[PDB]
$ cat structure-v6.cif   # mmCIF, N, CA, C and O atoms
data_input
loop_
_atom_site.label_atom_id
_atom_site.label_comp_id
_atom_site.auth_asym_id
_atom_site.auth_seq_id
_atom_site.Cartn_x
_atom_site.Cartn_y
_atom_site.Cartn_z
N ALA E 4 -275.31 48.26 -183.39
CA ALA E 4 -274.55 47.01 -183.13
C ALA E 4 -273.48 46.85 -184.21
O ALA E 4 -273.31 47.73 -185.07
N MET E 5 -272.75 45.73 -184.16
CA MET E 5 -271.69 45.51 -185.15
C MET E 5 -272.22 45.33 -186.59
O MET E 5 -273.30 44.73 -186.81
N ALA E 6 -271.44 45.82 -187.54
CA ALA E 6 -271.67 45.56 -188.94
C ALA E 6 -271.52 44.08 -189.23
O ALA E 6 -270.76 43.37 -188.57
N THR E 7 -272.29 43.64 -190.22
CA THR E 7 -272.18 42.29 -190.74
C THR E 7 -272.15 42.37 -192.25
O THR E 7 -272.61 43.34 -192.85
N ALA E 8 -271.61 41.32 -192.86
CA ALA E 8 -271.39 41.24 -194.29
C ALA E 8 -271.57 39.83 -194.78
O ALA E 8 -271.27 38.85 -194.09
N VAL E 9 -272.01 39.70 -196.03
CA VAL E 9 -272.17 38.41 -196.67
C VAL E 9 -270.97 38.17 -197.54
O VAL E 9 -270.55 39.05 -198.29
N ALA E 10 -270.39 36.98 -197.41
CA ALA E 10 -269.26 36.57 -198.24
C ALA E 10 -269.71 36.35 -199.68
O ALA E 10 -270.64 35.58 -199.98
N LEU E 11 -269.02 37.02 -200.58
CA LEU E 11 -269.27 36.90 -202.01
C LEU E 11 -268.45 35.76 -202.65
O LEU E 11 -268.79 35.29 -203.73
N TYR E 12 -267.37 35.36 -201.99
CA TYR E 12 -266.44 34.32 -202.48
C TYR E 12 -265.94 33.50 -201.29
O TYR E 12 -266.01 33.95 -200.15
N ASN E 13 -265.40 32.32 -201.55
CA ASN E 13 -264.65 31.59 -200.54
C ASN E 13 -263.34 32.32 -200.28
O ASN E 13 -262.79 33.01 -201.17
N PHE E 14 -262.81 32.15 -199.07
CA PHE E 14 -261.45 32.57 -198.74
C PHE E 14 -260.84 31.51 -197.84
O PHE E 14 -261.40 31.20 -196.76
N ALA E 15 -259.72 30.95 -198.23
CA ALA E 15 -259.11 29.85 -197.49
C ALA E 15 -258.44 30.27 -196.18
O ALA E 15 -258.18 29.41 -195.31
N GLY E 16 -258.13 31.56 -196.01
CA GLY E 16 -257.54 32.03 -194.76
C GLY E 16 -256.26 31.25 -194.39
O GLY E 16 -256.06 30.86 -193.23
N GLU E 17 -255.35 31.08 -195.35
CA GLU E 17 -254.22 30.19 -195.23
C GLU E 17 -252.98 30.69 -194.47
O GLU E 17 -252.10 29.90 -194.16
N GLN E 18 -252.91 32.00 -194.20
CA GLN E 18 -251.75 32.61 -193.50
C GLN E 18 -252.16 32.86 -192.05
O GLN E 18 -253.35 32.90 -191.73
N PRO E 19 -251.19 33.05 -191.16
CA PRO E 19 -251.51 33.36 -189.77
C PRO E 19 -252.48 34.51 -189.62
O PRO E 19 -252.40 35.52 -190.33
N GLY E 20 -253.38 34.38 -188.65
CA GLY E 20 -254.27 35.48 -188.37
C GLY E 20 -255.41 35.67 -189.32
O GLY E 20 -256.17 36.60 -189.16
N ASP E 21 -255.54 34.81 -190.33
CA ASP E 21 -256.59 34.95 -191.31
C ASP E 21 -257.89 34.30 -190.86
O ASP E 21 -257.87 33.32 -190.09
N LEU E 22 -259.00 34.85 -191.37
CA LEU E 22 -260.32 34.23 -191.22
C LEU E 22 -260.72 33.49 -192.48
O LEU E 22 -260.79 34.09 -193.56
N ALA E 23 -260.98 32.21 -192.36
CA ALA E 23 -261.47 31.40 -193.46
C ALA E 23 -262.98 31.49 -193.49
O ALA E 23 -263.63 31.52 -192.45
N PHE E 24 -263.54 31.49 -194.69
CA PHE E 24 -264.99 31.43 -194.84
C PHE E 24 -265.37 30.93 -196.22
O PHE E 24 -264.50 30.77 -197.09
N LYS E 25 -266.66 30.62 -196.38
CA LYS E 25 -267.26 30.18 -197.64
C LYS E 25 -268.25 31.20 -198.15
O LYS E 25 -268.88 31.91 -197.36
N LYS E 26 -268.37 31.28 -199.48
CA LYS E 26 -269.42 32.08 -200.13
C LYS E 26 -270.76 31.90 -199.42
O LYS E 26 -271.17 30.78 -199.15
N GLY E 27 -271.38 33.02 -199.03
CA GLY E 27 -272.72 33.01 -198.44
C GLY E 27 -272.67 33.05 -196.92
O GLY E 27 -273.68 33.32 -196.28
N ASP E 28 -271.50 32.81 -196.32
CA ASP E 28 -271.37 32.96 -194.86
C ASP E 28 -271.61 34.42 -194.46
O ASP E 28 -271.29 35.35 -195.20
N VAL E 29 -272.18 34.60 -193.28
CA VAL E 29 -272.40 35.92 -192.71
C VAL E 29 -271.28 36.19 -191.70
O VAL E 29 -271.16 35.51 -190.68
N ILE E 30 -270.45 37.18 -192.02
CA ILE E 30 -269.25 37.58 -191.27
C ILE E 30 -269.63 38.78 -190.38
O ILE E 30 -270.14 39.77 -190.87
N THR E 31 -269.36 38.67 -189.09
CA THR E 31 -269.49 39.79 -188.19
C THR E 31 -268.22 40.62 -188.33
O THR E 31 -267.13 40.07 -188.22
N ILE E 32 -268.34 41.91 -188.60
CA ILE E 32 -267.20 42.78 -188.73
C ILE E 32 -266.76 43.31 -187.36
O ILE E 32 -267.50 44.01 -186.70
N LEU E 33 -265.57 42.91 -186.94
CA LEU E 33 -264.97 43.41 -185.70
C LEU E 33 -264.36 44.81 -185.91
O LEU E 33 -264.51 45.69 -185.06
N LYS E 34 -263.72 44.99 -187.06
CA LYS E 34 -263.15 46.29 -187.44
C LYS E 34 -262.96 46.33 -188.94
O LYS E 34 -262.51 45.36 -189.52
N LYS E 35 -263.31 47.46 -189.56
CA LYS E 35 -263.07 47.66 -190.99
C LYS E 35 -262.59 49.07 -191.22
O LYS E 35 -262.77 49.95 -190.38
N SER E 36 -262.04 49.28 -192.41
CA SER E 36 -261.65 50.58 -192.92
C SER E 36 -262.78 50.98 -193.86
O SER E 36 -263.80 50.32 -193.93
N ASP E 37 -262.55 52.06 -194.59
CA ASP E 37 -263.47 52.55 -195.60
C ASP E 37 -263.12 52.11 -197.02
O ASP E 37 -263.73 52.58 -197.98
N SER E 38 -262.11 51.25 -197.17
CA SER E 38 -261.55 50.89 -198.48
C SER E 38 -261.63 49.41 -198.79
O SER E 38 -261.41 48.54 -197.95
N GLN E 39 -261.91 49.14 -200.06
CA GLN E 39 -262.02 47.78 -200.59
C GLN E 39 -260.67 47.10 -200.80
O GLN E 39 -260.61 45.91 -201.10
N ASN E 40 -259.58 47.85 -200.64
CA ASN E 40 -258.24 47.35 -200.92
C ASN E 40 -257.53 46.93 -199.65
O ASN E 40 -256.36 46.56 -199.69
N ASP E 41 -258.24 47.00 -198.52
CA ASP E 41 -257.66 46.73 -197.23
C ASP E 41 -258.02 45.35 -196.70
O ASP E 41 -258.86 44.64 -197.25
N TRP E 42 -257.40 45.01 -195.57
CA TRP E 42 -257.70 43.78 -194.85
C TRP E 42 -258.56 44.12 -193.67
O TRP E 42 -258.12 44.85 -192.81
N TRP E 43 -259.76 43.55 -193.60
CA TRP E 43 -260.71 43.82 -192.53
C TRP E 43 -260.66 42.70 -191.51
O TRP E 43 -260.10 41.66 -191.82
N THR E 44 -261.27 42.90 -190.35
CA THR E 44 -261.24 41.92 -189.26
C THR E 44 -262.64 41.43 -188.94
O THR E 44 -263.53 42.22 -188.67
N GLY E 45 -262.83 40.11 -188.95
CA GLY E 45 -264.15 39.54 -188.74
C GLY E 45 -264.18 38.27 -187.94
O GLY E 45 -263.16 37.73 -187.50
N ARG E 46 -265.41 37.81 -187.74
CA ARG E 46 -265.72 36.62 -186.95
C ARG E 46 -266.82 35.83 -187.66
O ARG E 46 -267.78 36.43 -188.07
N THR E 47 -266.71 34.52 -187.77
CA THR E 47 -267.85 33.72 -188.23
C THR E 47 -267.70 32.30 -187.68
O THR E 47 -266.59 31.79 -187.63
N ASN E 48 -268.81 31.74 -187.22
CA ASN E 48 -268.87 30.39 -186.62
C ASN E 48 -267.70 30.09 -185.63
O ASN E 48 -267.06 29.04 -185.70
N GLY E 49 -267.43 31.04 -184.73
CA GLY E 49 -266.51 30.85 -183.62
C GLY E 49 -265.02 31.09 -183.87
O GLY E 49 -264.18 30.83 -182.99
N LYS E 50 -264.69 31.57 -185.06
CA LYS E 50 -263.32 31.94 -185.36
C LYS E 50 -263.23 33.35 -185.86
O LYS E 50 -264.21 33.93 -186.27
N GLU E 51 -262.02 33.89 -185.80
CA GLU E 51 -261.78 35.28 -186.11
C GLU E 51 -260.50 35.46 -186.85
O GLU E 51 -259.61 34.60 -186.79
N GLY E 52 -260.40 36.57 -187.54
CA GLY E 52 -259.16 36.93 -188.18
C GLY E 52 -259.38 37.91 -189.31
O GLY E 52 -260.48 38.48 -189.46
N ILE E 53 -258.38 38.06 -190.16
CA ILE E 53 -258.42 39.07 -191.21
C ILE E 53 -258.77 38.45 -192.56
O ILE E 53 -258.57 37.23 -192.76
N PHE E 54 -259.30 39.27 -193.45
CA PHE E 54 -259.68 38.85 -194.80
C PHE E 54 -259.72 40.04 -195.74
O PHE E 54 -259.79 41.19 -195.29
N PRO E 55 -259.66 39.81 -197.05
CA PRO E 55 -259.72 40.94 -197.98
C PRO E 55 -261.12 41.56 -198.06
O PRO E 55 -262.10 40.85 -198.29
N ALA E 56 -261.18 42.88 -197.93
CA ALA E 56 -262.47 43.59 -197.85
C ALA E 56 -263.39 43.33 -199.04
O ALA E 56 -264.60 43.24 -198.85
N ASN E 57 -262.84 43.23 -200.25
CA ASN E 57 -263.64 43.04 -201.44
C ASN E 57 -264.28 41.65 -201.58
O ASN E 57 -265.03 41.41 -202.51
N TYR E 58 -264.01 40.76 -200.63
CA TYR E 58 -264.62 39.42 -200.65
C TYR E 58 -266.00 39.39 -200.00
O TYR E 58 -266.66 38.34 -200.02
N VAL E 59 -266.40 40.50 -199.39
CA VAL E 59 -267.69 40.58 -198.69
C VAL E 59 -268.50 41.79 -199.13
O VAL E 59 -267.96 42.74 -199.69
N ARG E 60 -269.79 41.76 -198.85
CA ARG E 60 -270.69 42.88 -199.08
C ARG E 60 -271.38 43.20 -197.75
O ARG E 60 -272.17 42.39 -197.25
N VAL E 61 -271.06 44.35 -197.18
CA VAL E 61 -271.70 44.80 -195.94
C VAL E 61 -273.22 44.95 -196.15
O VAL E 61 -273.68 45.44 -197.17
N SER E 62 -273.98 44.46 -195.16
CA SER E 62 -275.43 44.51 -195.20
C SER E 62 -276.00 45.83 -194.66
O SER E 62 -275.67 46.26 -193.54
#

$ encode --input "structure-v6.cif" --output "structure tokens"
Amino acid sequence: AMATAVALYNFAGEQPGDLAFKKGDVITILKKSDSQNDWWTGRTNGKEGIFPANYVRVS
């Protein structure tokens, strides 16, 4: 099934297409790369968008 990750920090998701979340939220990964320097794509509590990979820890 899809990868999931725990948010290590808040992210305000302030630009278009971003996913906002809070520390401790469980993010469903829609698509990721193999790198911590990239922008990954996720979903949490009914919204979706992009966020910095290093803000989460894949479970």

$ atom_distance --input "structure-v6.cif" --atom1 "CA of residue 26 (chain E)" --atom2 "CA of residue 5 (chain E)"
20.2 Å

$ resolve_selection --input "structure-v6.cif" --expression "the PyMOL selection byres (((chain E and resi 59 and name CA) around 9) and name CA)" --output "CSV table (one decimal) with N, CA, C and O atoms, in the frame of the given file"
chain,number,residue,atom,x,y,z
E,8,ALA,N,-271.6,41.3,-192.9
E,8,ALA,CA,-271.4,41.2,-194.3
E,8,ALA,C,-271.6,39.8,-194.8
E,8,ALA,O,-271.3,38.8,-194.1
E,9,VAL,N,-272.0,39.7,-196.0
E,9,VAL,CA,-272.2,38.4,-196.7
E,9,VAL,C,-271.0,38.2,-197.5
E,9,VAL,O,-270.6,39.0,-198.3
E,10,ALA,N,-270.4,37.0,-197.4
E,10,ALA,CA,-269.3,36.6,-198.2
E,10,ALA,C,-269.7,36.4,-199.7
E,10,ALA,O,-270.6,35.6,-200.0
E,11,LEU,N,-269.0,37.0,-200.6
E,11,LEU,CA,-269.3,36.9,-202.0
E,11,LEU,C,-268.4,35.8,-202.6
E,11,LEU,O,-268.8,35.3,-203.7
E,12,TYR,N,-267.4,35.4,-202.0
E,12,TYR,CA,-266.4,34.3,-202.5
E,12,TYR,C,-265.9,33.5,-201.3
E,12,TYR,O,-266.0,34.0,-200.2
E,26,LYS,N,-268.4,31.3,-199.5
E,26,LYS,CA,-269.4,32.1,-200.1
E,26,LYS,C,-270.8,31.9,-199.4
E,26,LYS,O,-271.2,30.8,-199.2
E,29,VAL,N,-272.2,34.6,-193.3
E,29,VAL,CA,-272.4,35.9,-192.7
E,29,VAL,C,-271.3,36.2,-191.7
E,29,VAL,O,-271.2,35.5,-190.7
E,30,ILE,N,-270.4,37.2,-192.0
E,30,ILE,CA,-269.2,37.6,-191.3
E,30,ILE,C,-269.6,38.8,-190.4
E,30,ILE,O,-270.1,39.8,-190.9
E,55,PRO,N,-259.7,39.8,-197.0
E,55,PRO,CA,-259.7,40.9,-198.0
E,55,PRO,C,-261.1,41.6,-198.1
E,55,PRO,O,-262.1,40.8,-198.3
E,56,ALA,N,-261.2,42.9,-197.9
E,56,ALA,CA,-262.5,43.6,-197.8
E,56,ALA,C,-263.4,43.3,-199.0
E,56,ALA,O,-264.6,43.2,-198.8
E,57,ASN,N,-262.8,43.2,-200.2
E,57,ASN,CA,-263.6,43.0,-201.4
E,57,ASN,C,-264.3,41.6,-201.6
E,57,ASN,O,-265.0,41.4,-202.5
E,58,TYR,N,-264.0,40.8,-200.6
E,58,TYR,CA,-264.6,39.4,-200.6
E,58,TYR,C,-266.0,39.4,-200.0
E,58,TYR,O,-266.7,38.3,-200.0
E,60,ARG,N,-269.8,41.8,-198.8
E,60,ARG,CA,-270.7,42.9,-199.1
E,60,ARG,C,-271.4,43.2,-197.8
E,60,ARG,O,-272.2,42.4,-197.2
E,61,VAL,N,-271.1,44.4,-197.2
E,61,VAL,CA,-271.7,44.8,-195.9
E,61,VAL,C,-273.2,45.0,-196.2
E,61,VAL,O,-273.7,45.4,-197.2

$ atom_distance --input "structure-v6.cif" --atom1 "atom N of residue 25 (chain E)" --atom2 "CA of residue 13 (chain E)"
4.7 Å

$ atom_distance --input "structure-v6.cif" --atom1 "CA of residue 19 (chain E)" --atom2 "atom N of residue 54 (chain E)"
10.4 Å

$ closest_residue --input "structure-v6.cif" --among "E:53, E:18, E:47, E:6" --to "residue 33 (chain E)" --atoms "all atoms listed in the file"
E:6

$ closest_residue --input "structure-v6.cif" --among "E:7, E:40, E:52, E:62" --to "residue 21 (chain E)" --atoms "only N, CA, C and O atoms"
E:52

$ closest_residue --input "structure-v6.cif" --among "E:16, E:23, E:32, E:4" --to "residue 44 (chain E)" --atoms "only N, CA, C and O atoms"
E:32

$ select_by_dssp --input "structure-v6.cif" --residues "chain E" --states "strand (DSSP E)" --output "PyMOL selection string"
chain E and resi 7-10+29-34+42-47+50-55+59-61

$ decode --input "structure-v6.cif" --residues "region 29-60 of chain E" --atoms "N, CA and C atoms" --output "short mmCIF file (atom, residue, chain, number, x, y, z; two decimals), in the first residue's frame"
data_model
loop_
_atom_site.label_atom_id
_atom_site.label_comp_id
_atom_site.auth_asym_id
_atom_site.auth_seq_id
_atom_site.Cartn_x
_atom_site.Cartn_y
_atom_site.Cartn_z
N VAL E 29 0.24 12.32 10.52
CA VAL E 29 0.61 11.20 9.67
C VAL E 29 0.20 11.55 8.23
N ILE E 30 1.21 11.69 7.38
CA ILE E 30 1.08 12.10 5.97
C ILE E 30 1.11 10.83 5.10
N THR E 31 0.11 10.67 4.25
CA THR E 31 0.11 9.63 3.25
C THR E 31 0.94 10.13 2.09
N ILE E 32 1.95 9.37 1.66
CA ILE E 32 2.78 9.75 0.55
C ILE E 32 2.15 9.33 -0.77
N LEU E 33 1.77 10.31 -1.58
CA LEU E 33 1.25 10.06 -2.93
C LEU E 33 2.39 9.76 -3.91
N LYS E 34 3.49 10.51 -3.78
CA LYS E 34 4.69 10.29 -4.59
C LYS E 34 5.88 10.90 -3.89
N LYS E 35 7.01 10.19 -3.88
CA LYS E 35 8.25 10.71 -3.34
C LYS E 35 9.40 10.31 -4.23
N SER E 36 10.52 10.99 -4.03
CA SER E 36 11.80 10.68 -4.65
C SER E 36 12.57 9.92 -3.59
N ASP E 37 13.84 9.70 -3.88
CA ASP E 37 14.77 9.05 -2.96
C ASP E 37 15.62 10.03 -2.16
N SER E 38 15.36 11.33 -2.29
CA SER E 38 16.22 12.38 -1.74
C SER E 38 15.50 13.29 -0.75
N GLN E 39 16.25 13.65 0.29
CA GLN E 39 15.78 14.54 1.35
C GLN E 39 15.73 16.01 0.94
N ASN E 40 16.26 16.33 -0.24
CA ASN E 40 16.37 17.71 -0.69
C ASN E 40 15.27 18.07 -1.66
N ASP E 41 14.35 17.13 -1.88
CA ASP E 41 13.28 17.30 -2.84
C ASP E 41 11.95 17.67 -2.21
N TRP E 42 10.99 17.96 -3.07
CA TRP E 42 9.61 18.22 -2.66
C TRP E 42 8.79 16.99 -2.94
N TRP E 43 8.18 16.42 -1.91
CA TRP E 43 7.39 15.21 -2.04
C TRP E 43 5.92 15.57 -2.08
N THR E 44 5.06 14.62 -2.43
CA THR E 44 3.62 14.86 -2.57
C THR E 44 2.84 14.00 -1.60
N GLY E 45 1.98 14.64 -0.80
CA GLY E 45 1.24 13.92 0.23
C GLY E 45 -0.17 14.38 0.44
N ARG E 46 -0.81 13.67 1.36
CA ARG E 46 -2.22 13.88 1.72
C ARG E 46 -2.36 13.76 3.24
N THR E 47 -3.08 14.64 3.90
CA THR E 47 -3.43 14.41 5.30
C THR E 47 -4.71 15.18 5.63
N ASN E 48 -5.60 14.53 6.37
CA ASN E 48 -6.92 15.07 6.75
C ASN E 48 -7.66 15.80 5.59
N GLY E 49 -7.71 15.15 4.42
CA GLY E 49 -8.51 15.58 3.29
C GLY E 49 -7.93 16.63 2.35
N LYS E 50 -6.66 16.98 2.57
CA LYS E 50 -5.98 17.88 1.66
C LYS E 50 -4.70 17.29 1.16
N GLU E 51 -4.20 17.85 0.06
CA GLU E 51 -3.05 17.31 -0.62
C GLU E 51 -2.17 18.41 -1.13
N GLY E 52 -0.92 18.05 -1.37
CA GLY E 52 -0.01 18.98 -2.00
C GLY E 52 1.43 18.60 -1.71
N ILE E 53 2.34 19.53 -1.95
CA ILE E 53 3.76 19.26 -1.85
C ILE E 53 4.34 19.80 -0.55
N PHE E 54 5.45 19.21 -0.11
CA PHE E 54 6.14 19.62 1.11
C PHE E 54 7.59 19.20 1.06
N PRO E 55 8.45 19.80 1.88
CA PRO E 55 9.86 19.40 1.87
C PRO E 55 10.08 18.02 2.51
N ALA E 56 10.81 17.16 1.79
CA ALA E 56 10.99 15.77 2.23
C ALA E 56 11.56 15.63 3.63
N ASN E 57 12.51 16.48 4.01
CA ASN E 57 13.16 16.39 5.30
C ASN E 57 12.29 16.77 6.50
N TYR E 58 11.05 17.19 6.24
CA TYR E 58 10.12 17.52 7.33
C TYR E 58 9.38 16.30 7.88
N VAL E 59 9.55 15.15 7.22
CA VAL E 59 8.86 13.92 7.63
C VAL E 59 9.82 12.76 7.78
N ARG E 60 9.37 11.72 8.48
CA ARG E 60 10.11 10.47 8.62
C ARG E 60 9.19 9.34 8.15
#
